[PDB]
file structure-v3.cif (mmCIF, C-alpha atoms)
data_entry
#
loop_
_atom_site.label_atom_id
_atom_site.label_comp_id
_atom_site.auth_asym_id
_atom_site.auth_seq_id
_atom_site.Cartn_x
_atom_site.Cartn_y
_atom_site.Cartn_z
CA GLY A 1178 -5.68 11.48 -0.05
CA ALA A 1179 -8.96 9.55 -0.56
CA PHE A 1180 -8.78 5.97 -1.88
CA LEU A 1181 -11.99 4.08 -2.54
CA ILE A 1182 -11.31 0.38 -2.67
CA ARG A 1183 -12.94 -1.29 -5.76
CA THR A 1184 -11.35 -4.69 -5.58
CA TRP A 1185 -8.04 -6.47 -5.04
CA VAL A 1186 -5.23 -8.14 -6.98
CA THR A 1187 -4.80 -11.57 -5.43
CA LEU A 1188 -3.27 -14.90 -6.16
CA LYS A 1189 -5.64 -16.99 -8.18
CA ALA A 1190 -7.94 -19.09 -5.88
CA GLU A 1191 -6.15 -22.24 -7.16
CA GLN A 1192 -2.60 -20.79 -6.78
CA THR A 1193 -1.13 -22.48 -3.72
CA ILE A 1194 2.64 -22.06 -4.05
CA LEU A 1195 4.95 -19.16 -4.96
CA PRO A 1196 8.61 -19.34 -5.97
CA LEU A 1197 11.51 -17.98 -3.94
CA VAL A 1198 14.19 -15.81 -5.54
CA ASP A 1199 17.67 -15.74 -3.94
CA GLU A 1200 19.49 -12.77 -2.53
CA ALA A 1201 21.45 -12.39 -5.76
CA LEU A 1202 18.06 -12.00 -7.56
CA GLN A 1203 19.24 -14.57 -10.11
CA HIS A 1204 18.00 -18.01 -9.04
CA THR A 1205 14.53 -19.35 -8.42
CA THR A 1206 13.76 -22.15 -5.94
CA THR A 1207 10.51 -24.17 -5.71
CA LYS A 1208 11.78 -27.21 -3.88
CA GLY A 1209 10.94 -27.20 -0.21
CA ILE A 1210 7.79 -25.07 -0.63
CA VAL A 1211 4.59 -26.71 0.46
CA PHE A 1212 1.00 -25.51 0.74
CA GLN A 1213 -0.13 -26.15 4.33
CA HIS A 1214 -3.56 -24.64 4.00
CA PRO A 1215 -4.07 -21.70 4.18
CA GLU A 1216 -0.33 -20.79 4.09
CA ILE A 1217 2.50 -21.21 1.61
CA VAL A 1218 5.37 -22.66 3.65
CA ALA A 1219 9.09 -22.72 2.82
CA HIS A 1220 10.99 -25.36 4.83
CA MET A 1221 14.70 -24.59 4.86
CA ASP A 1222 15.70 -28.15 5.61
CA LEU A 1223 13.80 -29.34 2.47
CA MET A 1224 15.86 -27.03 0.24
CA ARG A 1225 19.31 -27.74 1.62
CA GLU A 1226 21.10 -27.59 -1.69
CA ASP A 1227 19.84 -24.03 -2.27
CA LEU A 1228 20.30 -22.70 1.29
CA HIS A 1229 23.67 -21.24 0.50
CA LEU A 1230 21.79 -18.74 -1.69
CA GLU A 1231 19.72 -17.22 1.15
CA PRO A 1232 18.26 -14.80 2.02
CA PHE A 1233 15.20 -15.41 -0.09
CA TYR A 1234 12.28 -13.36 -1.37
CA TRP A 1235 8.83 -14.48 -2.43
CA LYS A 1236 8.15 -13.46 -6.04
CA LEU A 1237 4.59 -12.26 -6.61
CA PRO A 1238 2.95 -13.54 -9.81
CA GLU A 1239 2.45 -11.60 -13.00
CA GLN A 1240 -1.06 -10.25 -12.26
CA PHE A 1241 0.67 -7.86 -9.84
CA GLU A 1242 2.78 -6.43 -12.66
CA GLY A 1243 2.10 -4.10 -15.55
CA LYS A 1244 -0.13 -1.03 -15.30
CA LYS A 1245 -1.02 -0.52 -11.67
CA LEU A 1246 -1.80 3.18 -11.49
CA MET A 1247 -5.10 2.05 -9.98
CA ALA A 1248 -3.16 0.77 -6.91
CA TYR A 1249 -1.77 4.23 -6.04
CA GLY A 1250 -2.95 5.13 -2.53
CA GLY A 1251 -4.02 1.60 -1.62
CA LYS A 1252 -2.40 -1.07 0.55
CA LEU A 1253 -0.26 -4.12 -0.35
CA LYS A 1254 -1.09 -6.64 2.33
CA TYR A 1255 0.30 -10.03 3.33
CA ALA A 1256 0.81 -12.17 6.42
CA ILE A 1257 4.20 -13.55 7.45
CA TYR A 1258 5.08 -16.27 9.97
CA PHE A 1259 8.63 -17.54 10.54
CA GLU A 1260 10.62 -19.60 13.02
CA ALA A 1261 14.32 -18.84 13.71
CA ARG A 1262 16.74 -19.10 16.63
CA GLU A 1263 17.01 -15.37 17.36
CA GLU A 1264 16.55 -11.98 15.78
CA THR A 1265 19.12 -10.21 13.76
CA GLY A 1266 20.00 -6.79 14.99
CA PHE A 1267 19.69 -5.48 11.47
CA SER A 1268 16.47 -6.34 9.69
CA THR A 1269 17.13 -3.42 7.21
CA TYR A 1270 20.11 -4.84 5.32
CA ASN A 1271 17.48 -6.67 3.28
CA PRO A 1272 14.39 -4.59 2.55
CA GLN A 1273 10.99 -6.00 3.30
CA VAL A 1274 9.62 -5.26 -0.16
CA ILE A 1275 11.45 -4.69 -3.46
CA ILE A 1276 9.64 -3.33 -6.53
CA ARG A 1277 11.08 -2.64 -9.97
CA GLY A 1278 9.12 -0.78 -12.58
CA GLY A 1279 8.87 2.17 -14.88
CA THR A 1280 8.73 3.30 -18.41
CA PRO A 1281 11.62 3.28 -20.92
CA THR A 1282 14.68 5.24 -19.80
CA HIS A 1283 13.10 5.59 -16.35
CA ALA A 1284 12.96 2.05 -14.96
CA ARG A 1285 14.32 1.60 -11.48
CA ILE A 1286 14.15 -0.37 -8.27
CA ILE A 1287 12.65 0.96 -5.04
CA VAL A 1288 12.61 -0.64 -1.62
CA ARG A 1289 10.53 -0.55 1.54
CA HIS A 1290 11.98 -1.21 4.97
CA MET A 1291 9.98 -2.71 7.89
CA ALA A 1292 10.97 -4.04 11.28
CA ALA A 1293 11.05 -7.84 11.05
CA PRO A 1294 8.04 -9.69 12.56
CA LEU A 1295 8.56 -11.28 15.91
CA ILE A 1296 9.63 -14.98 15.73
CA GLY A 1297 6.54 -17.21 15.85
CA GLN A 1298 4.01 -14.45 15.34
CA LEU A 1299 1.64 -14.45 12.37
CA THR A 1300 2.12 -10.86 11.30
CA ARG A 1301 -0.14 -8.89 8.97
CA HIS A 1302 1.76 -6.13 7.13
CA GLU A 1303 0.06 -3.27 5.29
CA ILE A 1304 2.39 -1.40 2.93
CA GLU A 1305 0.91 1.83 1.55
CA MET A 1306 1.38 2.07 -2.19
CA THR A 1307 2.44 5.70 -2.25
CA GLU A 1308 5.90 7.23 -2.33
CA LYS A 1309 6.41 8.46 1.25
CA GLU A 1310 8.39 5.79 3.00
CA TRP A 1311 10.03 4.18 -0.08
CA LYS A 1312 13.73 4.48 -0.88
CA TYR A 1313 15.70 4.15 -4.10
CA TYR A 1314 17.69 0.97 -4.43
CA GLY A 1315 21.38 1.54 -4.85
CA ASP A 1316 21.77 4.89 -3.20
CA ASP A 1317 25.18 5.56 -1.73
CA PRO A 1318 25.16 5.46 2.08
CA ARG A 1319 25.84 9.22 2.12
CA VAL A 1320 22.71 9.92 0.10
CA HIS A 1321 19.62 10.27 2.35
CA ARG A 1322 16.44 10.74 0.31
CA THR A 1323 13.04 9.30 -0.41
CA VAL A 1324 11.24 8.43 -3.63
CA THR A 1325 9.45 11.20 -5.49
CA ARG A 1326 5.75 11.07 -6.26
CA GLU A 1327 6.48 11.15 -9.97
CA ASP A 1328 8.98 8.28 -9.79
CA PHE A 1329 6.62 6.16 -7.69
CA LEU A 1330 3.78 6.76 -10.16
CA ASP A 1331 6.08 6.01 -13.14
CA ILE A 1332 6.93 2.70 -11.50
CA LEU A 1333 3.25 1.91 -11.06
CA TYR A 1334 2.70 2.77 -14.72
CA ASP A 1335 4.58 -0.44 -15.49
CA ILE A 1336 5.51 -2.76 -12.63
CA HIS A 1337 8.20 -5.33 -13.54
CA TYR A 1338 8.25 -7.39 -10.30
CA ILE A 1339 7.31 -7.32 -6.61
CA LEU A 1340 9.40 -9.30 -4.13
CA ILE A 1341 8.47 -9.82 -0.41
CA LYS A 1342 11.15 -10.88 2.05
CA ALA A 1343 11.04 -14.54 3.07
CA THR A 1344 14.18 -14.83 5.25
CA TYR A 1345 14.15 -13.38 8.77
CA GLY A 1346 16.25 -13.90 11.87
CA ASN A 1347 19.31 -16.07 12.38
CA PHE A 1348 19.12 -19.82 11.59
CA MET A 1349 15.60 -19.59 10.12
CA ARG A 1350 13.96 -23.01 9.86
CA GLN A 1351 10.69 -22.13 8.07
CA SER A 1352 8.84 -19.17 6.69
CA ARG A 1353 5.23 -18.71 5.54
CA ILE A 1354 3.20 -16.24 3.56
CA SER A 1355 -0.56 -15.93 3.06
CA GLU A 1356 -3.32 -13.32 2.73
CA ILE A 1357 -1.63 -11.52 -0.17
CA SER A 1358 -3.61 -8.70 -1.78
CA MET A 1359 -3.12 -5.35 -3.39
CA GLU A 1360 -6.02 -2.91 -3.26
CA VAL A 1361 -7.12 -1.10 -6.44
CA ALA A 1362 -9.50 1.82 -7.04
CA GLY B 1178 -17.49 -30.97 8.98
CA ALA B 1179 -18.01 -27.25 8.51
CA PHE B 1180 -16.93 -25.10 5.55
CA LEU B 1181 -13.95 -23.03 6.56
CA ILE B 1182 -13.49 -19.95 4.34
CA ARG B 1183 -9.95 -19.09 3.26
CA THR B 1184 -10.69 -16.28 0.86
CA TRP B 1185 -13.13 -15.06 -1.82
CA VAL B 1186 -13.26 -15.06 -5.62
CA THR B 1187 -13.97 -11.42 -6.56
CA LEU B 1188 -13.83 -9.32 -9.75
CA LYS B 1189 -10.30 -8.73 -10.97
CA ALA B 1190 -8.59 -5.39 -11.17
CA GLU B 1191 -9.23 -5.05 -14.93
CA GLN B 1192 -12.94 -6.01 -14.62
CA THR B 1193 -15.04 -2.95 -13.97
CA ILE B 1194 -18.18 -4.13 -15.76
CA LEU B 1195 -19.75 -7.46 -16.72
CA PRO B 1196 -21.71 -8.38 -19.86
CA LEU B 1197 -25.35 -9.15 -20.10
CA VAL B 1198 -26.63 -12.29 -21.83
CA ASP B 1199 -29.98 -13.74 -22.55
CA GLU B 1200 -30.89 -16.78 -20.52
CA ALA B 1201 -29.64 -19.22 -23.22
CA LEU B 1202 -26.47 -17.27 -23.93
CA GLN B 1203 -27.53 -16.74 -27.59
CA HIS B 1204 -26.49 -13.09 -27.37
CA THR B 1205 -24.09 -11.02 -25.32
CA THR B 1206 -23.78 -7.29 -24.85
CA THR B 1207 -21.82 -4.60 -23.03
CA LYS B 1208 -23.54 -1.63 -24.63
CA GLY B 1209 -25.10 0.59 -22.00
CA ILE B 1210 -23.17 -1.07 -19.14
CA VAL B 1211 -21.18 1.39 -17.14
CA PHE B 1212 -19.24 1.39 -13.86
CA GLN B 1213 -20.87 4.05 -11.64
CA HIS B 1214 -18.85 3.69 -8.45
CA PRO B 1215 -19.36 1.24 -6.66
CA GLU B 1216 -21.87 -0.46 -8.89
CA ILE B 1217 -22.06 -1.98 -12.33
CA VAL B 1218 -25.04 -0.33 -13.99
CA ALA B 1219 -26.98 -1.54 -17.07
CA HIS B 1220 -29.04 1.14 -18.76
CA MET B 1221 -31.73 -0.55 -20.82
CA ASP B 1222 -32.28 2.50 -23.04
CA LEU B 1223 -28.77 2.04 -24.35
CA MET B 1224 -29.41 -1.46 -25.64
CA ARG B 1225 -32.95 -0.90 -27.00
CA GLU B 1226 -32.17 -3.21 -29.97
CA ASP B 1227 -31.60 -6.20 -27.64
CA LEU B 1228 -34.52 -5.79 -25.20
CA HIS B 1229 -36.63 -8.35 -27.08
CA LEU B 1230 -34.40 -11.00 -25.48
CA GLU B 1231 -35.31 -10.33 -21.77
CA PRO B 1232 -34.86 -11.51 -19.13
CA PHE B 1233 -31.18 -10.71 -19.17
CA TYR B 1234 -28.50 -12.13 -16.90
CA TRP B 1235 -25.11 -10.89 -15.74
CA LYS B 1236 -22.47 -13.43 -16.75
CA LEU B 1237 -19.80 -13.84 -14.08
CA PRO B 1238 -16.19 -13.74 -15.41
CA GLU B 1239 -13.86 -16.64 -15.99
CA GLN B 1240 -12.29 -16.82 -12.52
CA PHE B 1241 -15.66 -17.99 -11.11
CA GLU B 1242 -15.64 -20.92 -13.57
CA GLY B 1243 -13.66 -24.17 -13.80
CA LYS B 1244 -12.72 -26.41 -10.92
CA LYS B 1245 -14.70 -25.09 -7.98
CA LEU B 1246 -14.88 -27.97 -5.54
CA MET B 1247 -13.28 -25.49 -3.19
CA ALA B 1248 -16.53 -23.48 -3.23
CA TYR B 1249 -18.76 -26.33 -2.01
CA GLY B 1250 -20.33 -25.23 1.26
CA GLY B 1251 -19.48 -21.57 0.75
CA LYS B 1252 -21.69 -18.60 -0.18
CA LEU B 1253 -22.14 -16.64 -3.42
CA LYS B 1254 -23.10 -13.05 -2.56
CA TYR B 1255 -23.98 -9.88 -4.48
CA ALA B 1256 -26.22 -6.82 -4.17
CA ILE B 1257 -28.82 -5.75 -6.70
CA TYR B 1258 -30.87 -2.64 -7.40
CA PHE B 1259 -33.37 -1.84 -10.17
CA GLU B 1260 -35.80 0.73 -11.49
CA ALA B 1261 -38.83 -0.09 -13.60
CA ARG B 1262 -42.39 0.82 -14.52
CA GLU B 1263 -43.76 -1.97 -12.28
CA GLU B 1264 -42.12 -3.86 -9.47
CA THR B 1265 -43.26 -7.31 -10.61
CA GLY B 1266 -43.06 -8.53 -14.17
CA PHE B 1267 -43.29 -11.57 -16.39
CA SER B 1268 -39.88 -12.92 -15.58
CA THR B 1269 -40.27 -13.10 -11.80
CA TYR B 1270 -40.41 -16.95 -12.22
CA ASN B 1271 -37.17 -17.15 -14.14
CA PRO B 1272 -34.29 -18.26 -11.92
CA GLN B 1273 -32.11 -15.91 -9.94
CA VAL B 1274 -28.91 -17.96 -10.55
CA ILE B 1275 -28.10 -20.45 -13.31
CA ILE B 1276 -25.01 -22.66 -13.28
CA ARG B 1277 -23.96 -25.08 -16.01
CA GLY B 1278 -21.09 -27.50 -15.49
CA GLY B 1279 -19.65 -30.97 -15.67
CA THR B 1280 -17.82 -32.91 -18.35
CA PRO B 1281 -18.35 -31.81 -21.98
CA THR B 1282 -20.73 -34.65 -22.84
CA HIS B 1283 -22.40 -34.83 -19.38
CA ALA B 1284 -23.01 -31.12 -18.80
CA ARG B 1285 -25.96 -30.23 -16.60
CA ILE B 1286 -27.74 -27.02 -15.74
CA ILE B 1287 -29.08 -26.15 -12.31
CA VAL B 1288 -30.99 -23.14 -11.05
CA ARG B 1289 -31.65 -21.26 -7.84
CA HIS B 1290 -34.89 -19.29 -7.25
CA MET B 1291 -35.01 -16.38 -4.79
CA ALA B 1292 -37.62 -13.97 -3.50
CA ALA B 1293 -38.41 -11.03 -5.72
CA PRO B 1294 -36.57 -7.80 -4.83
CA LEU B 1295 -38.35 -4.60 -3.98
CA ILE B 1296 -38.13 -1.84 -6.55
CA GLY B 1297 -35.67 0.99 -6.04
CA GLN B 1298 -33.99 -0.72 -3.09
CA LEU B 1299 -30.54 -2.20 -2.62
CA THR B 1300 -31.16 -5.88 -1.93
CA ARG B 1301 -28.46 -8.30 -0.86
CA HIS B 1302 -28.47 -11.95 -1.82
CA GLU B 1303 -26.70 -14.91 -0.31
CA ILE B 1304 -26.82 -18.24 -2.09
CA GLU B 1305 -25.32 -21.26 -0.41
CA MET B 1306 -23.19 -23.29 -2.76
CA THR B 1307 -24.63 -26.66 -1.68
CA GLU B 1308 -27.38 -28.61 -3.37
CA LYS B 1309 -30.37 -28.34 -0.96
CA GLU B 1310 -32.38 -25.47 -2.53
CA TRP B 1311 -31.27 -25.91 -6.15
CA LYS B 1312 -33.43 -27.34 -8.98
CA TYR B 1313 -32.65 -28.90 -12.33
CA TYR B 1314 -33.12 -26.51 -15.25
CA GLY B 1315 -36.26 -27.09 -17.23
CA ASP B 1316 -37.76 -29.67 -14.96
CA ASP B 1317 -41.33 -30.58 -15.60
CA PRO B 1318 -43.71 -28.61 -13.28
CA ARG B 1319 -45.48 -31.93 -12.81
CA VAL B 1320 -42.53 -33.20 -10.69
CA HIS B 1321 -40.86 -31.87 -7.52
CA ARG B 1322 -37.20 -32.66 -6.99
CA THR B 1323 -34.06 -30.92 -5.94
CA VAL B 1324 -30.49 -31.44 -7.10
CA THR B 1325 -28.59 -34.45 -5.75
CA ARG B 1326 -25.22 -34.10 -3.96
CA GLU B 1327 -23.51 -35.99 -6.75
CA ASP B 1328 -25.00 -33.83 -9.50
CA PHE B 1329 -24.15 -30.60 -7.70
CA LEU B 1330 -20.56 -31.65 -7.11
CA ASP B 1331 -20.25 -32.91 -10.70
CA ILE B 1332 -21.12 -29.33 -11.81
CA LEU B 1333 -18.66 -27.71 -9.34
CA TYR B 1334 -15.95 -30.02 -10.66
CA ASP B 1335 -16.02 -27.96 -13.84
CA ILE B 1336 -18.24 -24.92 -13.91
CA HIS B 1337 -18.95 -23.70 -17.44
CA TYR B 1338 -20.81 -20.51 -16.46
CA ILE B 1339 -22.65 -18.73 -13.72
CA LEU B 1340 -25.48 -16.33 -14.57
CA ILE B 1341 -27.16 -13.90 -12.13
CA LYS B 1342 -30.51 -12.42 -13.21
CA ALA B 1343 -30.40 -8.72 -14.20
CA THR B 1344 -34.04 -8.20 -15.29
CA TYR B 1345 -36.61 -7.38 -12.64
CA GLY B 1346 -40.05 -5.85 -12.89
CA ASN B 1347 -41.79 -4.89 -16.07
CA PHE B 1348 -40.31 -2.21 -18.38
CA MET B 1349 -37.07 -2.18 -16.45
CA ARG B 1350 -35.12 1.05 -16.87
CA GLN B 1351 -31.86 0.07 -15.17
CA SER B 1352 -30.33 -2.63 -13.13
CA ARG B 1353 -27.21 -2.69 -10.93
CA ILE B 1354 -24.98 -5.29 -9.34
CA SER B 1355 -22.16 -4.90 -6.79
CA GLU B 1356 -20.45 -6.59 -3.84
CA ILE B 1357 -19.88 -9.81 -5.85
CA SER B 1358 -18.00 -12.60 -4.07
CA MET B 1359 -17.81 -16.37 -3.81
CA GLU B 1360 -16.33 -17.94 -0.71
CA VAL B 1361 -13.66 -20.62 -1.21
CA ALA B 1362 -11.92 -22.93 1.19
#
call {"tool": "encode", "arguments": {"input": "structure-v3.cif", "output": "structure tokens"}}
result
Amino acid sequence: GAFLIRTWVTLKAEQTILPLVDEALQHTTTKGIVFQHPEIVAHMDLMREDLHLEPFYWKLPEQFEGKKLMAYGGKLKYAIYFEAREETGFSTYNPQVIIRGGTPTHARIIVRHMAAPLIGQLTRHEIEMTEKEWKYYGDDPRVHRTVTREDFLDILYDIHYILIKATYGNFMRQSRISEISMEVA
Amino acid sequence: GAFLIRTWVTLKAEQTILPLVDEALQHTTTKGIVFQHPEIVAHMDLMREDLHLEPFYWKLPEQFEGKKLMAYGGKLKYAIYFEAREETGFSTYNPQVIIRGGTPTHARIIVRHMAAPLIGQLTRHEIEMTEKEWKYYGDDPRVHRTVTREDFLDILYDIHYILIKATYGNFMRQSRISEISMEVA
């Protein structure tokens, strides 16, 4: 359908680091994260005591949350760069993007899968903020379905968090994110 | 050195209009200001009670304020359009942009003059955020100076407000602004 971009949700101009959340979704790490302008850079060897908790996700800040109906039809964009020893054969075990949202009695988590970026390649992802390619978190492996338009829109009615994968490949040494924006009409 | 843009400060997702103020900020209004995609449109007939205060200025929102050293060397851009009885009016000599900033007890006001826009035309402005073409507010017409590097940077250290003129011509009917951005490193 038509989407006329009005503006974008972004990090604040002065916001130069983001926290990492662990794979258990229960611990936040800031140590080891350095702004190396223009990128936010996580150095695995500078967060050794938390490495046992990987994989990690970047947690977007709170301006991306709440009522985001106006984002329906637009793109979530960001740029990833990572260095690792080799690729994993299975970059879908951990979704690329995780969003929780929704109104009372309807809240739920949905996930978006993407092929991992190539090692060493600054990679600009564009994730359409509509239902088509999204999956429900926690579906049994025998259940093969996609997210409904109504559920996607209920989630956008009240976003609770947006997480972007930070861990890629085997023996990842560093990972970077920049150029984060979400279009709104 | 050269200024190297990283991103822009733009309107936020929740900001679809901006208020008008008089040049001294004695009065503020949003009556008669409407978002008419893609522009912010001020209809003077809907604030007839306030017109005695012209010229009016758009007041940029809070994310353009505060510590804006990062903007030094960048460009402030926007697009304007107006309708009026006459293309040129009494306020053509009032500044296009006004910035106040600095420490609370050493605040200073600077101004930027621009060519007059043609009536009924979309006119784009670019204002470099360096001192060369800026003047001190209220300077005596008997003297001819421009703003020093120190004074300009003192203001960017802590911007209090940025005003962009909204009144053009004589008996202005409507004015519009769009495409608002400020480059930051």
call {"tool": "residues_near_point", "arguments": {"input": "structure-v3.cif", "point": "(19.6, -18.7, -5.4)", "cutoff": "9 Å", "atoms": "only C-alpha atoms", "output": "list in words"}}
result
residues 1197, 1198, 1199, 1200, 1201, 1202, 1203, 1204, 1205, 1206, 1227, 1228, 1229, 1230, 1231, 1232 and 1233 of chain A
call {"tool": "residues_near_point", "arguments": {"input": "structure-v3.cif", "point": "(-4.7, 3.3, -6.8)", "cutoff": "12 Å", "atoms": "only C-alpha atoms", "output": "PDB file with C-alpha atoms, in the frame of the given file"}}
result
ATOM      1  CA  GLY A1178      -5.680  11.480  -0.050  1.00  0.00           C
ATOM      2  CA  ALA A1179      -8.960   9.550  -0.560  1.00  0.00           C
ATOM      3  CA  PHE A1180      -8.780   5.970  -1.880  1.00  0.00           C
ATOM      4  CA  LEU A1181     -11.990   4.080  -2.540  1.00  0.00           C
ATOM      5  CA  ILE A1182     -11.310   0.380  -2.670  1.00  0.00           C
ATOM      6  CA  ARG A1183     -12.940  -1.290  -5.760  1.00  0.00           C
ATOM      7  CA  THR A1184     -11.350  -4.690  -5.580  1.00  0.00           C
ATOM      8  CA  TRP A1185      -8.040  -6.470  -5.040  1.00  0.00           C
ATOM      9  CA  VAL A1186      -5.230  -8.140  -6.980  1.00  0.00           C
ATOM     10  CA  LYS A1244      -0.130  -1.030 -15.300  1.00  0.00           C
ATOM     11  CA  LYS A1245      -1.020  -0.520 -11.670  1.00  0.00           C
ATOM     12  CA  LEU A1246      -1.800   3.180 -11.490  1.00  0.00           C
ATOM     13  CA  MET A1247      -5.100   2.050  -9.980  1.00  0.00           C
ATOM     14  CA  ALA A1248      -3.160   0.770  -6.910  1.00  0.00           C
ATOM     15  CA  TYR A1249      -1.770   4.230  -6.040  1.00  0.00           C
ATOM     16  CA  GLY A1250      -2.950   5.130  -2.530  1.00  0.00           C
ATOM     17  CA  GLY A1251      -4.020   1.600  -1.620  1.00  0.00           C
ATOM     18  CA  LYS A1252      -2.400  -1.070   0.550  1.00  0.00           C
ATOM     19  CA  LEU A1253      -0.260  -4.120  -0.350  1.00  0.00           C
ATOM     20  CA  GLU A1305       0.910   1.830   1.550  1.00  0.00           C
ATOM     21  CA  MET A1306       1.380   2.070  -2.190  1.00  0.00           C
ATOM     22  CA  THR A1307       2.440   5.700  -2.250  1.00  0.00           C
ATOM     23  CA  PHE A1329       6.620   6.160  -7.690  1.00  0.00           C
ATOM     24  CA  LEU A1330       3.780   6.760 -10.160  1.00  0.00           C
ATOM     25  CA  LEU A1333       3.250   1.910 -11.060  1.00  0.00           C
ATOM     26  CA  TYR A1334       2.700   2.770 -14.720  1.00  0.00           C
ATOM     27  CA  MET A1359      -3.120  -5.350  -3.390  1.00  0.00           C
ATOM     28  CA  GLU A1360      -6.020  -2.910  -3.260  1.00  0.00           C
ATOM     29  CA  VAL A1361      -7.120  -1.100  -6.440  1.00  0.00           C
ATOM     30  CA  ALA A1362      -9.500   1.820  -7.040  1.00  0.00           C
TER      31      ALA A1362
ATOM     32  CA  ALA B1190      -8.590  -5.390 -11.170  1.00  0.00           C
TER      33      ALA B1190
END
call {"tool": "calpha_fit_rmsd", "arguments": {"input": "structure-v3.cif", "fixed": "chain B", "moving": "chain A"}}
result
1.3 Å
call {"tool": "closest_residue", "arguments": {"input": "structure-v3.cif", "among": "A:1215, A:1196, A:1346, A:1209", "to": "chain B", "atoms": "all atoms listed in the file"}}
result
A:1215
call {"tool": "resolve_selection", "arguments": {"input": "structure-v3.cif", "expression": "the PyMOL selection byres ((chain A and resi 1335-1337) around 8)", "output": "PyMOL selection string"}}
result
chain A and resi 1241-1245+1276-1280+1331-1334+1338-1339
call {"tool": "atom_distance", "arguments": {"input": "structure-v3.cif", "atom1": "atom CA of residue 1301 of chain A", "atom2": "atom CA of residue 1341 of chain A"}}
result
12.8 Å
call {"tool": "residues_around", "arguments": {"input": "structure-v3.cif", "residues": "residue 1270 of chain A", "least_positions_apart": "6", "cutoff": "12 Å", "atoms": "all atoms listed in the file", "output": "number ranges by chain"}}
result
A: 1200, 1232, 1288-1293, 1314, 1318, 1342, 1344-1346
call {"tool": "decode", "arguments": {"input": "structure-v3.cif", "residues": "segment 1194-1207 of chain A", "atoms": "N, CA and C atoms", "output": "PDB file, in the first residue's frame"}}
result
ATOM      1  N   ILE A1194      25.693   5.488  22.705  1.00  0.00           N
ATOM      2  CA  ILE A1194      25.782   4.074  23.000  1.00  0.00           C
ATOM      3  C   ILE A1194      24.374   3.502  23.202  1.00  0.00           C
ATOM      4  N   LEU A1195      24.237   2.208  23.008  1.00  0.00           N
ATOM      5  CA  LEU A1195      23.028   1.445  23.309  1.00  0.00           C
ATOM      6  C   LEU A1195      23.452   0.273  24.148  1.00  0.00           C
ATOM      7  N   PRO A1196      22.564  -0.228  24.997  1.00  0.00           N
ATOM      8  CA  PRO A1196      22.833  -1.417  25.796  1.00  0.00           C
ATOM      9  C   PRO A1196      22.620  -2.706  24.990  1.00  0.00           C
ATOM     10  N   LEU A1197      23.294  -3.755  25.395  1.00  0.00           N
ATOM     11  CA  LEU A1197      23.047  -5.102  24.926  1.00  0.00           C
ATOM     12  C   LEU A1197      22.240  -5.866  25.972  1.00  0.00           C
ATOM     13  N   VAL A1198      21.292  -6.633  25.499  1.00  0.00           N
ATOM     14  CA  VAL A1198      20.524  -7.605  26.273  1.00  0.00           C
ATOM     15  C   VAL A1198      21.023  -8.998  25.873  1.00  0.00           C
ATOM     16  N   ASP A1199      21.138  -9.898  26.838  1.00  0.00           N
ATOM     17  CA  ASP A1199      21.599 -11.272  26.602  1.00  0.00           C
ATOM     18  C   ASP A1199      20.575 -12.154  25.980  1.00  0.00           C
ATOM     19  N   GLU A1200      20.984 -13.334  25.593  1.00  0.00           N
ATOM     20  CA  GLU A1200      20.077 -14.269  24.927  1.00  0.00           C
ATOM     21  C   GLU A1200      18.920 -14.669  25.817  1.00  0.00           C
ATOM     22  N   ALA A1201      19.127 -14.741  27.141  1.00  0.00           N
ATOM     23  CA  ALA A1201      18.051 -15.039  28.044  1.00  0.00           C
ATOM     24  C   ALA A1201      17.021 -13.890  28.207  1.00  0.00           C
ATOM     25  N   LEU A1202      17.326 -12.705  27.636  1.00  0.00           N
ATOM     26  CA  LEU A1202      16.500 -11.522  27.686  1.00  0.00           C
ATOM     27  C   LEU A1202      16.321 -11.002  29.078  1.00  0.00           C
ATOM     28  N   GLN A1203      17.337 -11.196  29.934  1.00  0.00           N
ATOM     29  CA  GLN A1203      17.236 -10.934  31.365  1.00  0.00           C
ATOM     30  C   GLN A1203      18.428 -10.215  31.977  1.00  0.00           C
ATOM     31  N   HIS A1204      19.403  -9.831  31.171  1.00  0.00           N
ATOM     32  CA  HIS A1204      20.587  -9.156  31.674  1.00  0.00           C
ATOM     33  C   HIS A1204      21.002  -8.129  30.667  1.00  0.00           C
ATOM     34  N   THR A1205      21.306  -6.932  31.168  1.00  0.00           N
ATOM     35  CA  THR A1205      21.820  -5.864  30.307  1.00  0.00           C
ATOM     36  C   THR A1205      23.295  -5.648  30.535  1.00  0.00           C
ATOM     37  N   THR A1206      24.033  -5.461  29.470  1.00  0.00           N
ATOM     38  CA  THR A1206      25.481  -5.171  29.456  1.00  0.00           C
ATOM     39  C   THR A1206      25.721  -3.819  28.798  1.00  0.00           C
ATOM     40  N   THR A1207      26.569  -2.980  29.423  1.00  0.00           N
ATOM     41  CA  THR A1207      27.061  -1.742  28.800  1.00  0.00           C
ATOM     42  C   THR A1207      28.603  -1.757  28.717  1.00  0.00           C
TER      43      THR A1207
END
